[PDB]
Amino acid sequence: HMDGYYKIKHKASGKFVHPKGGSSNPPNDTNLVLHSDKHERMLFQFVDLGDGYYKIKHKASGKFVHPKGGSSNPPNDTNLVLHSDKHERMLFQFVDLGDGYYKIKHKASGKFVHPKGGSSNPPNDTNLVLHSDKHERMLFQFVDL
Ligand SMILES: CC(=O)N[C@@H]1[C@@H](O)[C@@H](O)[C@@H](CO)O[C@@H]1O
Ligand SMILES: CC(=O)N[C@@H]1[C@@H](O)[C@@H](O)[C@@H](CO)O[C@@H]1O
Ligand SMILES: CC(=O)N[C@@H]1[C@@H](O)[C@@H](O)[C@@H](CO)O[C@@H]1O
């Protein structure tokens, strides 16, 4: 129930969400990407604000998941980045399909987190984006540490 530290795992590929470059201290607007590796710089915390909306926090840096530019309605294929700012456009909802695999939905726009290109096997360092489509390659699993 979303307390503690988690790996965010892409169902189709098994890859994880990382800051690009994997650093403990990425600057603002660093891209989020998928990558196979596991380490403490790919852990996240979920901060429950109530009523099923969450801030997604990078453990190592304390920065949050944003759409690049922070719009209420980002276009399809808008990059997800880390940023220290907080506001309504960096909130997310987790929708369970019913077996513990989730769509990760941007509250403001209703778009979902996808690997860019939607592959079942994104290459390492593929950017994560927002997109309106739903399919099995935009499901994620939250793996507690
Ligand atoms: C050696 C090392 O930490 N490598 C990291 C890797 O684990 C992953 O975090 C990646 C994400 O872009 O960034 C680097 O290549
Ligand atoms: C929209 C705005 O006024 N500021 C935001 C900032 O808060 C953050 O969301 C960032 C993410 O790239 O995009 C803009 O710079
Ligand atoms: C046709 C096809 O592959 N569509 C996908 C789409 O569903 C979405 O996953 C997107 C994310 O960048 O990548 C592709 O455009």
Side-chain angles (χ1 to χ4, degrees), residues 4-50 52-99 101-145:
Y5 306 126
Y6 289 84
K7 299 166 269 184
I8 306 173
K9 185 174 187 185
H10 181 230
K11 190 187 184 189
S13 71
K15 291 192 176 67
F16 301 96
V17 179
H18 293 236
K20 183 167 195 18
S23 302
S24 50
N25 60 342
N28 282 343
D29 282 347
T30 292
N31 275 174
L32 292 152
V33 301
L34 285 181
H35 199 281
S36 301
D37 288 353
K38 292 184 291 297
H39 53 65
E40 75 284 351
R41 291 147 288 114
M42 48 66 85
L43 298 169
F44 294 84
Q45 290 164 241
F46 306 123
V47 183
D48 185 4
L49 289 192
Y53 299 112
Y54 291 88
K55 297 180 301 197
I56 306 172
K57 187 192 307 193
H58 181 233
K59 177 197 174 291
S61 69
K63 294 184 172 68
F64 299 98
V65 180
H66 290 236
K68 187 165 182 30
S71 182
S72 292
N73 198 13
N76 286 337
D77 287 350
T78 290
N79 288 326
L80 291 151
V81 299
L82 293 174
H83 198 288
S84 54
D85 280 0
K86 292 176 274 188
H87 53 60
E88 274 275 330
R89 298 107 55 200
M90 46 67 78
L91 303 179
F92 296 82
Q93 184 189 8
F94 310 141
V95 181
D96 191 349
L97 266 69
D99 62 347
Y101 299 96
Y102 287 83
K103 302 171 283 199
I104 304 170
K105 184 176 184 77
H106 182 231
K107 181 182 180 4
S109 71
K111 290 190 176 66
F112 298 101
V113 178
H114 287 240
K116 182 166 188 186
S119 186
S120 61
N121 205 313
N124 286 311
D125 286 353
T126 296
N127 287 152
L128 284 154
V129 299
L130 292 179
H131 198 282
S132 57
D133 279 359
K134 295 183 260 169
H135 52 61
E136 76 284 352
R137 297 105 58 205
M138 48 71 74
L139 306 179
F140 294 85
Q141 176 169 231
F142 305 125
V143 179
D144 75 94
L145 181 60

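The first residue in the sequence is number 1, and the count goes up from there. Atoms within a ligand are numbered from 1 in the order they appear, just like the ligands themselves.
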For this session: Let me see the working for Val17 and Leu34 under side chain to side chain contact (heavy atoms under 4.5 Å, CB included), right down to the final yes or no.
Result: CA-CA 5 Å; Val17 179; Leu34 285 181; 4.2 Å; yes
For this session: Give the intermediate values and the outcome of side chain to side chain contact (heavy atoms under 4.5 Å, CB included) for residues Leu43 and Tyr6.
Result: CA-CA 5 Å; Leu43 298 169; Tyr6 289 84; over 6 Å; no
Exercise. Given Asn79 and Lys116, is the side-chain hydrogen bond (donor to acceptor under 3.5 Å, both in side chains) satisfied, shown in steps?
Worked result: CA-CA 8 Å; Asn79 288 326; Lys116 182 166 188 186; 5.2 Å; no
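Taking all atoms of both residues into account, the shortest heavy-atom contact from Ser71 to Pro67 is O-CG, 4.1 Å. Shown here for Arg137 and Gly118, the closest heavy-atom pair between the two residues is NE-O, 2.9 Å.
Looking at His35, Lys38, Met42, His18 and measuring to atom 15 (O) of ligand 1, the nearest heavy atom belongs to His35.
Taking the six-membered ring for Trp and thresholds of 30 and 60 degrees, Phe94 and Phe46 have ring planes more than 60 degrees apart, a perpendicular arrangement.
Under the 4.0 angstrom criterion for non-hydrogen atoms, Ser119 is not in contact with ligand 3.
Of the possible polar contacts, one joining the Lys105 side chain to the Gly110 backbone as a donor-acceptor pair under 3.5 Å is found. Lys11 contributes no side-chain N or O that, together with a main-chain N or O of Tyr101, makes up a donor-acceptor pair within less than 3.5 Å. The main-chain N or O of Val129 is never found under 3.5 Å from a side-chain atom of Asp77 such that the two would form a donor-acceptor pair.
Atoms of ligand 2 found under 4.0 Å from any heavy atom of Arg89 (numbered from 1 in listed order, with element): 1 (C), 2 (C), 3 (O). In the vicinity of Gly21, heavy-atom distances shorter than 4.0 Å reach the ligand 1 atoms 11 (C), 12 (O), 13 (O), 14 (C). The ligand atoms of ligand 2 that sit less than 4.0 angstrom from a heavy atom of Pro67 are 11 (C), 12 (O). Residue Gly22 approaches ligand 1 through these ligand atoms, each under 4.0 Å from one of its heavy atoms: 9 (O), 11 (C), 13 (O). The distance from ligand 2 to the heavy atoms of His87 drops below 4.0 Å at these ligand atoms: 6 (C), 7 (O), 8 (C), 9 (O).
In terms of protein heavy atoms, atom 12 (O) of ligand 2 is closest to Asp29 OD1, 2.6 Å.
Atom 1 (C) of ligand 3 is not flagged as protein-proximal [any protein heavy atom, distance under 4.0 Å]. Within 4.0 Å of atom 7 (O) of ligand 2, at least one protein heavy atom is present. Counting only heavy atoms, the protein gets under 4.0 Å from atom 10 (C) of ligand 1.
Between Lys20 and ligand 1, a contact under 3.5 Å exists for no N or O pair. For ligand 2, the polar-atom distance check against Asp85 finds a nitrogen or oxygen pair separated by under 3.5 Å. For ligand 1, the polar-atom distance check against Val33 finds no nitrogen or oxygen pair separated by under 3.5 Å.
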